[PDB]
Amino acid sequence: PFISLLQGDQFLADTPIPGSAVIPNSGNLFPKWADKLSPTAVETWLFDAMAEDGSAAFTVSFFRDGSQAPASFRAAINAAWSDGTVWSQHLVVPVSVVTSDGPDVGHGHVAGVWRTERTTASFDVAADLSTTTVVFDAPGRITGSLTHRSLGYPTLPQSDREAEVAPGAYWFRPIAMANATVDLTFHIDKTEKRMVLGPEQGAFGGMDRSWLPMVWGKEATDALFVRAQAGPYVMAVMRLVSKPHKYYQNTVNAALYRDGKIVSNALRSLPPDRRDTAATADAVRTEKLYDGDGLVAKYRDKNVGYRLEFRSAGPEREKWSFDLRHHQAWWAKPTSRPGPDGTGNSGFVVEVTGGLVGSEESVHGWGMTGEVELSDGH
C-alpha cells in the first residue's frame, strides 16, 4: 500500500522541494509531496454537495498547506441551509495520511485521514473513481457522511497542460459530476442541526484535486470556484487572475457539460469584456456582474454574481452564457486588513439562468461560487 504519512513536528522539508509529476489520465489523488511537505506547497482534496434546488450546500477541502505550518493539516468545512443557517469550521489535526491500494499509484483505491493521534475527518475514493465517501467524526462539531456516485462525465487531464489551472499550478476534477448524498449533524453554538440529502433527491457535487508548489496567494488577485447545474448543463470552474507583476494573467481549468457530454473543455480564460464569436479553442469568460438581482459581495468587488460564457471550438461554434446570481451568503471572510484596499473570500449559493447563445433556451438551476480576492501587492 502506498502511504504518505505526515505527523509530528518534522514533516516539513527544509527547502521548497519538488513534488512528483502529473500522472496523465489519473485522479492524481495520491499526494505529490509524499514523504516531506514543501514549506510553500499546498495540496487540496475537495468534496462538495448541494441540493438541486439550492436548499442546502456543503463543501470540505482537505488541506496539506506547508506555508501554514505547524497547523498544516486542515479540513475546511462550509455548510449552508436555505433557512439562512451557515456553518463554517476548520478541523485542524496533527495527522494527515493518504494511502493508495494497488500496484498503480495513479489508479488505486485512495483513503485519506485527517485525524488526531477527538477529531477524525476522512475521505475514500474508489480506484475507478466511481464513488467517494467522506466521513466526519468530530464530536461536538460535525458528524456524519457525504457520498458521491459519479455520473461518469469525462474529466481526467490527458497531459500536464490539461491539469493546470495556471503555469505549474494544478486544479482539476477527478469526478466532474456525481449524485451526492449527505447525512450530517452539525452542532450550532447545545443545539444540533441536520443536513440530509438522500440518494434520489437530485443532490449533486464533485471531487476536485489540486496541488501547487508555491503559495498561491502571492500569485493571484482573484480566484473563482464554480459548480452549478441548470437544466441539462453542468459547469465547473476554477479561474485565477494573477498579480500585476504578471500583468493579471487570466487562467482557468473549467468544463461545461450538456447531458453529461463535455461541450466546452475550457482551459482558456477570456478577457471579461469580450463577448465576440472567436473560438480557436474551447474557452470560458468569467465576468463580474454588478447589475440586476443578486446579493452584493462585501469586500473588494461589490458584485451581484458572475457571468460565465463558455465557447466551443467545435464545428458548430456554440456559445453558452449563464448568469450566476448571489442567492444566499454562505461564507465571507477578509483576506487582508480592512479599508480601501480590502479584499475578501466569499462563498455563495447562486441561482443560475441562461443557456445556448442565439437560441430560445432559458434554463434554471443552482450552484455555488467561491469568490476570492487578494491584494494587488506592492
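Residue numbers here begin at 1 and follow the sequence given.
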Size class of the missing deposited segment between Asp189 and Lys190: 4 to 9
What number of deposited residues lacks coordinates in the span between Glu117 and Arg118: none, 1 to 3, 4 to 9, or 10 or more? 4 to 9
Tell me which stretch has the larger mean Cα B-factor in this entry, 332 to 340 or 310 to 318. 332 to 340
For the stretches 245 to 253 and 134 to 142, which has the higher mean C-alpha B-factor as given in the deposited record? 134 to 142
Based on the PDB entry, the highest CA temperature factor among the options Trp216, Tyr290, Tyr299, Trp171 is that of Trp216
Please pick out which of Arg74, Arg209, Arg268, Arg239 has the largest Cα B-factor as recorded in the entry. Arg74
Relative C-alpha B-factor of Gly355, binned into the chain's lowest, middle or highest third: middle
What third of its chain, lowest, middle or highest, does the C-alpha temperature factor of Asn28 fall into? middle
In terms of the CA temperature factor given in the entry, to which third of its chain does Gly54 belong: lowest, middle or highest? middle
Please place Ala34 in the lowest, middle or highest third of its chain according to the CA B-factor in the PDB entry. highest
Compared with the other modelled residues in the chain, in which third is the CA B-factor of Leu91? highest
